[PDB]
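Residue numbers (PDB author numbering), protein chains in the order written: chain F, 9 to 159, 254 to 340; chain D, 9 to 159, 254 to 340; chain E, 1 to 381. All residues carry an ideal CB built from backbone N, CA and C; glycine is no exception. Notes for the one structure printed next.
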Amino acid sequence: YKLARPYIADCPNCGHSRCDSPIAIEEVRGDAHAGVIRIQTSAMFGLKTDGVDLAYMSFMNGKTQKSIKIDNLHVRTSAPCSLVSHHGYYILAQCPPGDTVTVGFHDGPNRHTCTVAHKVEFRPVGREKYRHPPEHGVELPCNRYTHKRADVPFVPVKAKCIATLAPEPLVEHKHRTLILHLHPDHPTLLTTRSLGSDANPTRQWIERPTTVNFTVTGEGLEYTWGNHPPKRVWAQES
Amino acid sequence: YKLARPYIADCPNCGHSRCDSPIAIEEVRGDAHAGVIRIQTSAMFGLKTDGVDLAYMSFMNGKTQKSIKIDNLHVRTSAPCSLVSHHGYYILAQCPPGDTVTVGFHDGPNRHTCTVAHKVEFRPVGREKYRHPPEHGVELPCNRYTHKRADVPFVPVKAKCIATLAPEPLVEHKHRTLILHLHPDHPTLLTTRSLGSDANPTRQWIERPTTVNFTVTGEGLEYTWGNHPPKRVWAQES
Amino acid sequence: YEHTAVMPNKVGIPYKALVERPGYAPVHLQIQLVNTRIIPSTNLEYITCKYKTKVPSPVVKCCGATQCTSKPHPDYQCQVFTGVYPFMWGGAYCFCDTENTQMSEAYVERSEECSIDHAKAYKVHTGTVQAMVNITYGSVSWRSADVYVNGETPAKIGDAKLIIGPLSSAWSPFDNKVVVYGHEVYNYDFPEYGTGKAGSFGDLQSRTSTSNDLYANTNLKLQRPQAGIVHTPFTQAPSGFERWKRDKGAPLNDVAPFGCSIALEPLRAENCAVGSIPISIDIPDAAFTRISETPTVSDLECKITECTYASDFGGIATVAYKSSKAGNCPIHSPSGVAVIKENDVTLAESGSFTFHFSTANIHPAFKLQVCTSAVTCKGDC
């Protein structure tokens, strides 16, 4: 879980300040469409010399074995990044890329920055990829990790991550025709099929205010409009 | 005049997970095509306890008009930055790109630093917007703002920013016909109309050695090469 | 009384049908397909997913050869490179300049996230189809009854004895080979288990990928170690699963050709929505009064009080009539582009019943039948 004590690892690019540094990433795991990254550092977070804590870390510096509170030692990808949970050799944090993770002290010895290029995994959901959770409505499948403080790695777990939306589709039901006035701010996959007594296998990519007319039998249609899961009507308005 | 009191405000990223900063940027105006920035901060710059100064600012942090020197609280990109003028609640400064401004105290282990990613905005001022200042060309009117205060917000103004220039439309005279071999080194908008009886209503964006031939009636034509307002030639072999 | 009606494969709109036999007491009949699940047997062929390359540390023998052979565990590939590093040069300063040998090994595994962020290659064998057919008999509006569509057994449920003559997805919109990504489902055909593919789906294969016991093709191609450094260089063709993510159709769930909400993993087609569904409904004679009321409905007229252009249920109309005896009438539209909202009509001696209807027509024109008399309505709107 948080067994044994931290160690150093070779930083691929560091200053002349250090190189044999702490906080030198081994792996990062993604597939998140949230802004979180699961990080495996040489240094152990969630463990100080006192054993298990929730907001303290420990590190072998290659010069000293010491622990601190997370403050002076900040993770960044340009700007600071705030961790969420610690599981020993693994960190789970909010810090969106994870592709490169740069951990540096701008308080602790010299001006240290280690930047690490290391393993990542990321995947489309099957509509559009995103890594921003706003507060805009509907969510889509994503990956996240557990917040284990006890049983080393935080296991992968499915989760729901908010996706960017855009001005909602003006649906107009009409006679045998349902026109979908769409107004994306962001590329949306419009996948449709009619419902009721018809069904259309129709993918189209949309972006910018457009109209897309579809047949309907008087029995609606489903339209999935990217960054949303199915939005469907079965109206007799159709 | 300025009289809007200093305040503290939450800035997304400071320290590690620190966010309880003063001096935090709320809004930015980047109307300039130069690398100067107009900043709206919670903290009031250009006012100490003595009232209006040119090299002091004030902030709260447990205070209400407590002041320090503009070098103690130092602006930075990833190197120091010196402000130029204070207009109370608004700062105006030179910071190398004017697209990243970080106002920070790098005093002690608690390191509050707010950063807002500032912007440079280019908008029509000729018949086209234009690029950031370079070695090439000469200064032209640009969108901007005042770079000294009134003794609270800085006001918009047209000032002068270096335009990227490159060879202007190299006119080649022929029998009442002008082919314009134009050789940009940068994205220039070529607008034309004839100033003869005819007209040549043509906006086109050009980059690099190209030709654009125009008709004339032997009575001139205009070519605007964007970043300038209309340039006109009249009945040469035009 | 058996009444066989045809319901649009539609969810949410109850489809009105008549148990009609005037001179008894016709029974209110509304059938709503709440859900249809085509559930086929899914035989998992293999997991395939985004690999993570694992490079073991290279076995270097200074002053001796290093031997390795190909191994079938994932796409483990090694290569023996001889005379790799001279003396006073190379990543190791080996005394022997020609007997220095590096074996460069690497292989692919599944990603840690593969378990939930992995795809599943499925063979599809014959299923069962359940259909949730809500058949109402008697003046209510709901019952909801499970019934086998696929040839198994007739629904001997008390809500009405239902035989569902083949649904408009009595088989799922599935091929024999279906990819489930466990997010979105695609009908996508791939090679049978036993051989992977590099630069297309099935880059890792294994009945269940564990990280080993896989058969893969990722086209791992060892390169000779660059001189002056110890390194284990390799090239590879595109990750074939990832290539499939970059070269797959529209999410079949969202474009299904039968209007089915195709759902993952145990593949099944939920809530199909194309065509119309034969429904055989046993409404017993017991849900009519046996010639003790006589619905003989005569002098019936339809006046539409209001109707709205092609609407959900914007139709308001009234049927005035004379009946010999009081009763209960199913008021229906045998269409699927029109249903009557009501499905009861209060027969009385000089009875008048205002019913709400739906049509999808420009001017809502629906045929209503009560017990004995039927009309088609048009009127004030």
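| Asked | Found |
| --- | --- |
| Could you give the DSSP three-state label for E/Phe174: helix, strand or coil? | coil |
| Hey, out of E/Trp142, E/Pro166, E/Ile47, whose CA is closest to E/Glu152's CA? | E/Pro166 |
| Kindly identify the DSSP beta-bridge partner or partners of E/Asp282. | E/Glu2, E/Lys161 |
| So which residues on chain F does D/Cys103 lean against when the C-beta distance must stay under 8 Å? | Residues of chain F passing the Cβ test: none, with the nearest at roughly 16 Å. |
| Mapping DSSP to helix, strand and coil, what is E/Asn100? | coil |
| Where do the ends of the beta strand (DSSP E) carrying D/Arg152 lie? | 147-153 |
| At 7 Å on the CB atoms, spell out the chain F contacts of D/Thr294, in chain order. | Within 7 Å Cβ-Cβ: nothing; D/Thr294 doesn't reach chain F, min ~29 Å. |
| So, does the CB of F/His82 fall closer than 7 Å to a CB anywhere in chain D? | yes |
| Report the partner residues of F/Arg305 according to the DSSP bridge assignment. | F/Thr293 |
| Do E/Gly196 and E/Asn217 have their beta-carbon atoms positioned less than 7 Å apart in this structure? | yes |
| Taking the straight line between their C-alpha atoms, what separation do you get for D/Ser299 and D/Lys262? | 35 Å |
| Tell me whether E/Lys245 sits in a helix, a strand or coil according to DSSP, three-state version. | helix |
| Would the region 36-54 of chain D count as touching the region 141-152 of chain D if we require 3 or more Cβ pairs under 8 Å? | yes |
| Say the cut is 6 Å; is the CB of D/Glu274 nearer than that to a heavy atom of the ligand PLP? | With respect to small molecules bound, the structure shown includes none, and the ligand PLP cannot be examined in it. |
| Any idea which residues DSSP pairs D/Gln73 with across the strands? | D/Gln73 is not bridged to any residue. |
| Give a yes or no on whether 7 Å exceeds the smallest Cβ distance from D/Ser86 to chain F. | no |
| Considering Cα atoms alone, identify which of F/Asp79, F/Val109, F/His283 is closest to F/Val128. | F/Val109 |
| Evaluate the contact criterion for the region 19-34 of chain E versus the region 46-61 of chain E: three or more CB pairs, one atom per stretch, below 8 Å. | no |
| Of the choices F/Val254, F/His126, F/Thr266, whose alpha-carbon is the least far from that of F/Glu147? | F/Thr266 |
| Of all the residues that make up the region 22-41 of chain D, which are near chain F by a beta-carbon distance shorter than 9 Å? | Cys22, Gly23, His24, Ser25, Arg26, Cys27 |
| Using only the alpha-carbon positions, how far apart do D/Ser29 and F/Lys137 sit? | 34 Å |
| Sort E/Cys68, E/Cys63, E/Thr376 by Cα distance to E/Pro364 and report the nearest one. | E/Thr376 |
| Which residue comes first and which comes last in the alpha helix (DSSP H) that contains E/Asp299? | No alpha helix (DSSP H) holds E/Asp299; the beta strand (DSSP E) holding it covers 297-306. |
| Report the residue ranges of all beta strand (DSSP E) runs contained in full by the region 39-87 of chain E; include only those spanning at least 3 residues, in chain order. | 51-54, 59-61, 77-82 |
| Note down the Cα distance separating E/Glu265 from E/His125, rounded to an integer number of angstroms. | 14 Å |
| What is the DSSP secondary structure of E/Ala198, counted as helix, strand or coil? | coil |
| When Cβ atoms are compared, which residues of the region 300-317 of chain F fall closer than 7 Å to chain E? | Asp300, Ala301, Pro303, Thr304, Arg305 |
| Leaving out the 5 sequence neighbours to the left and right, which residues in its chain are closer than 8 Å to E/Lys52 when beta-carbon positions are compared? | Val108, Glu109, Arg110, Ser111, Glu112 |
| Assuming the contact rule is C-beta atoms closer than 8 Å, E/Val27 and E/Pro278 should be a hit. Round their C-beta distance to whole Å, please. | Going by Cβ atoms, the distance from E/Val27 to E/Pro278 rounds to 19 Å, so no, they are not a contact pair. |
| Using the Cα positions of F/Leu297 and E/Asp282, report the straight-line distance between them to the nearest angstrom. | 28 Å |
| Could you tell me which chain B residues have their CB closer than 7 Å to the CB of D/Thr123, listed as they occur along the chain? | No chain B appears in this structure, whose protein chains are F, D and E. |
| Write down the C-beta distance between D/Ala301 and D/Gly322 rounded to the nearest angstrom, noting that I regard them as a contact closer than 8 Å. | Wrong, their Cβ atoms sit about 11 Å apart, outside the cutoff. |
| Checking contacts by CB at 7 Å: is E/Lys10 closer than that to chain F? | yes |
| Taking 7 Å as the cut-off, decide whether the C-beta atoms of E/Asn253 and E/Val185 are in contact. | yes |
| Output, in chain order, the set of chain E residues within a Cβ distance shorter than 8 Å of F/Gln338. | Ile13, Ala310, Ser311, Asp312, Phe313, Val337, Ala338, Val339, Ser358, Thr359, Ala360 |
| Once you ignore the five residues that flank E/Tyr215 on each side, which residues in its own chain have a CB closer than 7 Å to its CB? | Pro72, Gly194, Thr195, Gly196, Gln205, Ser206 |
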